[PDB]
Protein chains: 6
Amino acid sequence: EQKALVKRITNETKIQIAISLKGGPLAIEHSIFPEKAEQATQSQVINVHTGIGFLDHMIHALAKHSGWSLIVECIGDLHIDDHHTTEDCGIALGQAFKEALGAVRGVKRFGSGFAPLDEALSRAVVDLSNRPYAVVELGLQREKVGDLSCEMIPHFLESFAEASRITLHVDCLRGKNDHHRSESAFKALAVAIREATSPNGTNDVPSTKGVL
Amino acid sequence: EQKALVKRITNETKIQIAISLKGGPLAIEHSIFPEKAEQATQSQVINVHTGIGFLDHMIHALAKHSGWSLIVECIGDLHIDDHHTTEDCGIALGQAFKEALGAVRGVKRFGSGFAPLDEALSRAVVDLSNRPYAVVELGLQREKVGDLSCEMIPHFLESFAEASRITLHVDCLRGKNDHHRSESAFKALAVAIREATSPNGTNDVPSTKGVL
Amino acid sequence: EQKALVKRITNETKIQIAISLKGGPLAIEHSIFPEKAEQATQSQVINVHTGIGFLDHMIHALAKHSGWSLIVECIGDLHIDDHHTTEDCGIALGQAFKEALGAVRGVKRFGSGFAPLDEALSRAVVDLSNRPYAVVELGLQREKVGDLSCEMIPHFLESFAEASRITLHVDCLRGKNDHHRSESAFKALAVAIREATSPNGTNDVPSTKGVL
Amino acid sequence: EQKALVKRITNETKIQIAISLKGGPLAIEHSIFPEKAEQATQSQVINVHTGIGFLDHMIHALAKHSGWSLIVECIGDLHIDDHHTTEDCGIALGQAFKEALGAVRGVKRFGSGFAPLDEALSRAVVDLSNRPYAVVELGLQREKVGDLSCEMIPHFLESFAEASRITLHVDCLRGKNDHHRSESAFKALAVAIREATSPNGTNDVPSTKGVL
Amino acid sequence: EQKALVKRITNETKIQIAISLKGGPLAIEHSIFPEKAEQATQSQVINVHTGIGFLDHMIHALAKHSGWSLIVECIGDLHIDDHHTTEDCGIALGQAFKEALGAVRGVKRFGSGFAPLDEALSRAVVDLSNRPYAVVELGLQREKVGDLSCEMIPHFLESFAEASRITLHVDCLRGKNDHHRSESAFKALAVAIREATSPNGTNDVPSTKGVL
Amino acid sequence: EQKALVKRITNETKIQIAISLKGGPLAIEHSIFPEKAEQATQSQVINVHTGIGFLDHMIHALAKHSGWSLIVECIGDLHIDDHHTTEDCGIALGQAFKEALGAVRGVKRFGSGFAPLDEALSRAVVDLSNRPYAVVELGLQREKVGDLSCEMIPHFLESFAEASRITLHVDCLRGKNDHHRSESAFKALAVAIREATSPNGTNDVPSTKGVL
Ligand SMILES: O=P(O)(O)C[C@H](O)Cn1cncn1
Ligand SMILES: O=P(O)(O)C[C@H](O)Cn1cncn1
Ligand SMILES: O=P(O)(O)C[C@H](O)Cn1cncn1
Ligand SMILES: O=P(O)(O)C[C@H](O)Cn1cncn1
Ligand SMILES: O=P(O)(O)C[C@H](O)Cn1cncn1
Ligand SMILES: O=P(O)(O)C[C@H](O)Cn1cncn1
Ligand SMILES: [Mn+2]
Ligand SMILES: [Mn+2]
Ligand SMILES: [Mn+2]
Ligand SMILES: [Mn+2]
Ligand SMILES: [Mn+2]
Ligand SMILES: [Mn+2]
Ligand SMILES: [Mn+2]
Ligand SMILES: [Mn+2]
Ligand SMILES: [Mn+2]
Ligand SMILES: [Mn+2]
Ligand SMILES: [Mn+2]
Ligand SMILES: [Mn+2]
């Protein structure tokens with residue numbers, strides 16, 4: 001039902017993102033890697049292959065705790081820094097989430113998610129209203145985690161909310177380990193998207209202005 | 001099932017509030033306006049007519065995201081300021097919510113709701129315990145929004161929790177637009193009341209002292 | 001050549017914006033006002049009719065110093081405050097500017113405009129790159145100007161850059177009259193859009209990634 | 001289904017804790033008190049008998065709003081202070097919660113609970129991941145409540161998360177009555193455990209590393 | 001006598017740790033590296049092979065000054081950062097130390113160790129009491145040492161005390177070289193474990209509550 | 001017309017820079033790489049090959065928005081840090097710009113360029129007067145971007161203005177992403193050089209002292 005595939009091709013990166021919000025299986029009929037963080041345990045299949053290993057782990061923890069099936073492919077330039085291949089892999093990952101739920105009606109529209117990870121604590125609220133907005137206040141006192149440049153972790157969530165047309169407030173409340181502090185943000189966003197995209201029932205677009 | 005009508009008549013305002021917490025249709029057999037923010041889309045009907053237009057919009061966003069059907073009619077004095085017609089239209093709107101749920105049993109009793117609106121972020125918790133309390137910390141750096149006097153927006157929620165016999169903590173966490181900051185508070189309260197008045201199941205009054 | 005008409009219809013406002021970036025004449029074949037800030041001096045015709053008079057004057061000064069022909073018709077709710085009829089009349093005014101220039105190629109792409117107005121000084125830079133962004137730092141120490149609520153003046157430029165897919169930095173450098181301070185911002189944006197949408201020549205999309 | 005009994009016997013205290021997470025009835029076939037806060041209203045039976053009366057009331061409010069059936073029997077030394085009989089009655093109460101849910105799979109894994117009590121406001125998040133952690137920031141400006149020594153209230157929740165192998169962040173946001181401030185923390189933890197131990201469905205261990 | 005082998009297998013790392021607290025020789029009958037910091041000088045054999053070279057050097061200096069024989073084999077994911085292969089190689093290294101001394105009786109139970117390294121000075125106290133605790137206050141003003149991410153150095157000792165069920169206070173008193181500051185912490189812990197696990201004599205469990 | 005080739009050969013780096021300020025095609029008759037950021041779209045050809053990938057991207061964005069055709073070949077020592085191959089490389093790129101415009105007459109002589117990039121804002125002014133000067137105030141709170149050492153980004157523009165005999169003030173006004181903050185500086189310099197080297201007309205050396 002809620003499936004989409006997005007092939008975003010620019011002169012910096014080549015993207016192919018297939019998503020399924022309700023879970024289940026996924027494949028790719030024609031991949032972009034030559035010769036055709038991976039969890040495939042019979043309910044959801046999530047297999048992310050970007051050039052950045054720590055940014056694979058954040059999309060993986062996002063889709064594991066959202067109930068998503070998600071295949072991410074990215075052939076990006078890594079002789080240059082990791083900005084152009086994290087910003088572009090967040091724009092196309094917001095578009096795949098946007099096309100997978102067309103009609104915003106019959107949903108809760110408001111998800112809030114707290115998630116801890118071992119003294120770090122992050123909340124994420126999400127709004128699903130067609131104006132994009134992103135208030136990402138991860139206070140990270142590190143310059144690079146393993147390959148992510150640690151200022152792209154807010155910039156990923158900035159472009160995710162931008163291209164998915166959602167309003168997003170992610171704020172890490174405490175923590176002093178920045179693997180812990182950044183993974184808890186993606187685990188908190190996974191709780192909020194799961195709560196906002198939910199069967200409200202009664203089949204009504206949840207807005208005053210009637211347009212979502 | 002959960003319906004109530006409250007006709008509050010004083011020498012300052014005349015009120016008639018009909019509410020339905022489970023949604024559905026509503027009408028008035030004998031209105032107070034002469035010759036007999038309006039959403040009527042087949043699941044819930046919410047039609048608020050106070051003399052204040054911005055206070056219409058806050059009760060509307062409250063009832064739209066609560067699943068309520070709600071008709072509000074307030075004939076109040078507006079040659080004087082808007083205090084006497086916002087305080088009185090919040091006392092009677094807490095009484096209509098109170099009479100619509102008589103027995104507080106089989107409910108979650110604890111609703112917490114975060115709701116953003118475009119860089120503003122408000123949380124609201126609600127308690128449904130028969131002592132009234134209201135801790136409303138909307139930090140509004142404006143004097144009037146469109147017709148509300150912007151200090152009545154906490155005073156509305158003060159008298160709502162007062163006359164509905166609930167404990168309420170509404171706190172705007174961030175934001176620098178006070179339409180955004182005050183509407184997100186009413187959208188957050190709508191999530192919390194929806195979560196506290198919920199089918200817990202097992203038919204038990206959720207209290208240590210056994211009285212709610 | 002560079003003309004567009006946008007009819008944005010929601011349950012709060014009804015909009016009809018016809019724009020011509022190269023100037024010249026404009027009309028409307030079927031208007032939204034019943035029975036069919038106005039400058040019509042033989043080179044460009046600019047006629048803005050919103051319910052807010054001071055927001056008419058800011059779109060007028062924007063289109064007068066941009067070389068635009070622009071007709072704006074907004075039927076919005078004014079018994080509620082002026083947010084819903086200024087935000088919506090900025091989203092549709094960014095969409096009309098976006099559809100009027102389809103191919104961003106052969107343009108300067110970078111406009112910077114300083115404009116004074118009688119001790120106020122505002123600069124505006126504009127980027128014409130398909131990610132929207134808005135950094136609007138008008139320091140206004142007023143609550144309402146004549147009918148605008150003076151926090152909507154940054155919120156107008158926020159939604160203009162949002163729906164037009166441009167990056168925008170507007171910053172008032174000095175000034176202590178907020179009519180002067182806000183009009184100089186719209187006069188500075190008019191210089192920047194005029195400078196960014198300009199005949200660069202040589203017919204090339206001005207980007208590293210080749211996509212604009 | 002989710003039942004466990006823990007008999008923890010040391011030279012300071014003797015403990016016997018029988019728990020049922022899904023509610024229902026409970027008894028003890030051979031008690032530790034001589035000759036064989038009590039709620040027994042036909043859905044859940046919660047009967048706590050420690051030597052500390054205020055620590056009875058906090059385990060009672062924890063199990064009342066969690067849906068638990070819980071019998072606590074602690075024979076501890078009270079001629080010495082109340083540390084050794086509150087720390088030990090929290091270690092065994094985390095072990096009884098741990099043995100009552102063996103397989104952490106098919107659960108939400110992330111519960112967040114806000115709960116007010118009459119100007120006090122506490123949130124509690126819980127993680128159900130097999131590393132124990134406890135960040136308890138109840139700001140209590142009292143030395144003893146009725147018999148608890150008011151620094152054991154964080155030390156109880158420290159040893160509860162320690163022996164139950166969960167990660168826990170309990171933080172009182174406001175309040176100036178420390179009965180209110182400490183009871184709202186246990187009422188907030190009751191919402192979070194109820195939300196984390198919940199039927200997620202689809203029968204999958206919710207972790208990246210696959211081990212919970 | 002005091003030997004243990006721990007094979008910890010998760011979907012992130014595969015661990016095999018063989019320890020001997022009294023020294024002597026050690027081998028592995030079936031290793032995890034393909035085709036079958038190393039000191040093997042006739043009294044103790046210590047051979048650590050993790051993917052991190054600086055974390056090899058800290059376990060090596062820990063076991064060299066403890067009298068241990070210790071073989072560490074960790075096959076961990078290093079395309080992601082080094083957190084998951086340092087946290088997991090500290091949990092299994094606390095479990096191997098825990099299983100190597102079963103009965104905590106006849107031991108000093110309290111080891112304190114100061115160790116300098118060239119203007120750095122660290123103390124470490126250790127408690128061997130079955131509640132785990134870790135207060136690690138290495139003040140490191142570096143982000144990465146050679147491959148360790150320099151916030152994992154406290155996180156290693158956190159999970160070591162966690163899984164070994166010991167209470168641990170490691171605090172660097174001075175120093176301005178963070179190789180020196182972190183190696184002196186592991187050399188100080190080696191003095192403390194050597195002092196706590198020591199032949200007290202008289203064969204008695206050293207506790208008031210009689211249970212260790 | 002405005003073409004130059006500079007082959008700078010030292011014992012640290014070997015450079016070959018061919019430039020064309022008016023655009024058009026460029027080739028190299030005898031390259032320095034064995035066996036003979038690249039944009040070649042029919043108007044200008046820009047192909048930079050230094051050992052640093054992020055410094056390729058900054059010369060590329062400089063020449064893309066200047067109208068330049070530019071081939072850069074730098075064979076530099078990278079077992080040592082990147083200073084000697086970014087400085088050396090900046091000196092020869094100022095000399096190639098200097099030899100490409102011999103007679104400074106008939107030009108505007110004063111270019112100012114603002115350029116944003118996604119909350120970063122940089123201005124650059126340029127003077128084309130034969131005393132070199134460089135006031136570069138990029139406030140970068142990072143140590144390395146991808147391969148550039150992030151203090152060489154001002155040191156590149158220092159040596160560019162030094163060897164090109166121009167006066168240069170580059171100042172980033174805001175921004176909190178240092179890829180954004182440093183790329184906007186090179187995009188702002190591209191606007192300023194384009195504006196200073198411009199057909200003023202009337203064929204006069206624009207100076208009081210008559211010598212440029
Ligand atoms: O958020 P909505 O669309 O449900 C109705 C809002 O009132 C529209 N809005 C946009 N800014 C402030 N309000
Ligand atoms: O809130 P309840 O009624 O469930 C039981 C409370 O303990 C009563 N109370 C009122 N103030 C402090 N406690
Ligand atoms: O701005 P562009 O598209 O010309 C190339 C940029 O490098 C892309 N980008 C986006 N963020 C940082 N860089
Ligand atoms: O929390 P998990 O087990 O779901 C996967 C985590 O990434 C493991 N971890 C432990 N510290 C940081 N991460
Ligand atoms: O540490 P022990 O077990 O020797 C006896 C302690 O008194 C127990 N305890 C735990 N917290 C405070 N005391
Ligand atoms: O800048 P010029 O050469 O046009 C004339 C200047 O006055 C020369 N100068 C150099 N320092 C101060 N003035
Ligand atoms: Mn970017
Ligand atoms: Mn992780
Ligand atoms: Mn009042
Ligand atoms: Mn509104
Ligand atoms: Mn708005
Ligand atoms: Mn004016
Ligand atoms: Mn204790
Ligand atoms: Mn109480
Ligand atoms: Mn960890
Ligand atoms: Mn060393
Ligand atoms: Mn130098
Ligand atoms: Mn870039």
# chains A, B, ... in the order shown; residues from 1 in each chain; ligands from 1
>>> select_by_dssp(residues="segment 20-186 of chain E", states="alpha helix (DSSP H)", output="ChimeraX atom specification")
/E:53-64,84-100,152-164,178-186
>>> select_by_dssp(residues="segment 3-190 of chain A", states="strand (DSSP E)", output="ChimeraX atom specification")
/A:3-6,13-20,38-40,45-49,69-76,111-117,120-126,133-137,167-174
>>> residues_near_ligand(ligand="ligand 2", cutoff="8 Å", atoms="only C-alpha atoms and all ligand atoms", output="list in words")
residues 129, 206, 207, 208, 209, 210, 211 and 212 of chain B; 57, 61, 117, 118, 179, 180 and 183 of chain D
>>> write_last_selection(atoms="C-alpha atoms", output="tab-separated table (two decimals), in the first residue's frame")
chain	number	residue	atom	x	y	z
B	129	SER	CA	-8.14	14.12	38.91
B	206	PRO	CA	-7.42	4.61	38.23
B	207	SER	CA	-6.50	5.98	41.64
B	208	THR	CA	-4.88	4.96	44.90
B	209	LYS	CA	-7.60	6.60	46.98
B	210	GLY	CA	-10.29	4.98	44.82
B	211	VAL	CA	-12.22	8.23	44.24
B	212	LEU	CA	-12.21	10.01	40.90
D	57	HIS	CA	2.84	4.33	48.68
D	61	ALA	CA	1.17	4.12	42.76
D	117	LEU	CA	0.43	15.82	40.53
D	118	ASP	CA	-0.79	19.25	41.59
D	179	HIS	CA	5.30	14.37	48.24
D	180	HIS	CA	3.87	15.69	44.97
D	183	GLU	CA	4.74	10.59	43.62
>>> atom_distance(atom1="atom CA of residue 56 of chain C", atom2="atom CA of residue 107 of chain C")
28.7 Å
>>> residues_around(residues="segment 67-72 of chain F", least_positions_apart="3", cutoff="8 Å", atoms="only C-alpha atoms", output="ChimeraX atom specification")
/F:15-27,44-50,63-64,194
>>> interface_residues(of="chain E", to="chain D", cutoff="10 Å", atoms="only C-alpha atoms", output="PDB file with C-alpha atoms, in the first residue's frame")
ATOM      1  CA  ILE E   9      28.429 -13.329  19.607  1.00  0.00           C
ATOM      2  CA  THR E  10      26.133 -10.522  18.446  1.00  0.00           C
ATOM      3  CA  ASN E  11      25.179  -9.095  15.053  1.00  0.00           C
ATOM      4  CA  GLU E  12      27.730  -6.278  15.445  1.00  0.00           C
ATOM      5  CA  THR E  13      30.815  -7.964  16.925  1.00  0.00           C
ATOM      6  CA  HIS E  84      30.111  -0.843  18.901  1.00  0.00           C
ATOM      7  CA  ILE E  91      31.253  -5.987  28.298  1.00  0.00           C
ATOM      8  CA  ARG E 131      26.476  -3.958  42.479  1.00  0.00           C
ATOM      9  CA  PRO E 132      28.110  -2.444  39.369  1.00  0.00           C
ATOM     10  CA  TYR E 133      29.045   1.210  39.398  1.00  0.00           C
ATOM     11  CA  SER E 159      30.877  -1.204  30.613  1.00  0.00           C
ATOM     12  CA  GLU E 162      28.966  -2.838  34.553  1.00  0.00           C
ATOM     13  CA  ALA E 163      29.450  -6.407  33.343  1.00  0.00           C
ATOM     14  CA  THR E 208      28.504  -6.814  56.572  1.00  0.00           C
ATOM     15  CA  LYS E 209      25.555  -8.386  54.751  1.00  0.00           C
ATOM     16  CA  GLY E 210      27.531 -11.605  54.246  1.00  0.00           C
ATOM     17  CA  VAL E 211      26.778 -11.842  50.505  1.00  0.00           C
TER      18      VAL E 211
END
>>> residues_around(residues="residue 92 of chain C", least_positions_apart="4", cutoff="7 Å", atoms="only C-alpha atoms", output="count of residues only")
4
>>> residues_around(residues="residue 177 of chain E", least_positions_apart="6", cutoff="10 Å", atoms="only C-alpha atoms", output="CSV table (one decimal) with C-alpha atoms, in the first residue's frame")
chain,number,residue,atom,x,y,z
E,117,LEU,CA,52.8,8.5,33.3
E,118,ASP,CA,55.0,11.5,32.6
E,119,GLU,CA,53.0,14.4,34.3
E,120,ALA,CA,49.7,12.6,34.1
E,140,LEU,CA,40.3,14.3,28.0
E,141,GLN,CA,40.5,17.4,25.8
E,142,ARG,CA,41.1,15.4,22.6
>>> residues_near_ligand(ligand="ligand 9", cutoff="12 Å", atoms="only C-alpha atoms and all ligand atoms", output="PDB file with C-alpha atoms, in the first residue's frame")
ATOM      1  CA  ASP B  81     -12.382  44.492  27.131  1.00  0.00           C
ATOM      2  CA  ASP B  82     -12.329  40.812  26.205  1.00  0.00           C
ATOM      3  CA  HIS B  83     -11.595  39.435  29.683  1.00  0.00           C
ATOM      4  CA  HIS B  84     -15.173  38.927  30.834  1.00  0.00           C
ATOM      5  CA  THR B  85     -16.086  37.127  27.605  1.00  0.00           C
ATOM      6  CA  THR B  86     -13.051  34.849  27.537  1.00  0.00           C
ATOM      7  CA  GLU B  87     -12.937  33.894  31.210  1.00  0.00           C
ATOM      8  CA  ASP B  88     -16.670  33.161  31.191  1.00  0.00           C
ATOM      9  CA  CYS B  89     -16.410  31.209  27.922  1.00  0.00           C
ATOM     10  CA  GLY B  90     -13.713  29.049  29.512  1.00  0.00           C
ATOM     11  CA  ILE B  91     -15.544  28.329  32.738  1.00  0.00           C
ATOM     12  CA  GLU B 151      -2.751  37.399  28.668  1.00  0.00           C
ATOM     13  CA  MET B 152      -6.194  35.861  28.474  1.00  0.00           C
ATOM     14  CA  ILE B 153      -4.757  32.874  26.583  1.00  0.00           C
ATOM     15  CA  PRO B 154      -3.252  31.568  29.863  1.00  0.00           C
ATOM     16  CA  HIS B 155      -6.317  32.817  31.726  1.00  0.00           C
ATOM     17  CA  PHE B 156      -8.591  30.784  29.458  1.00  0.00           C
ATOM     18  CA  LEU B 157      -6.682  27.588  30.208  1.00  0.00           C
ATOM     19  CA  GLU B 158      -6.609  28.538  33.880  1.00  0.00           C
ATOM     20  CA  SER B 159     -10.403  28.699  34.081  1.00  0.00           C
ATOM     21  CA  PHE B 160     -10.787  25.667  31.826  1.00  0.00           C
ATOM     22  CA  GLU B 162     -10.556  25.174  37.148  1.00  0.00           C
TER      23      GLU B 162
END
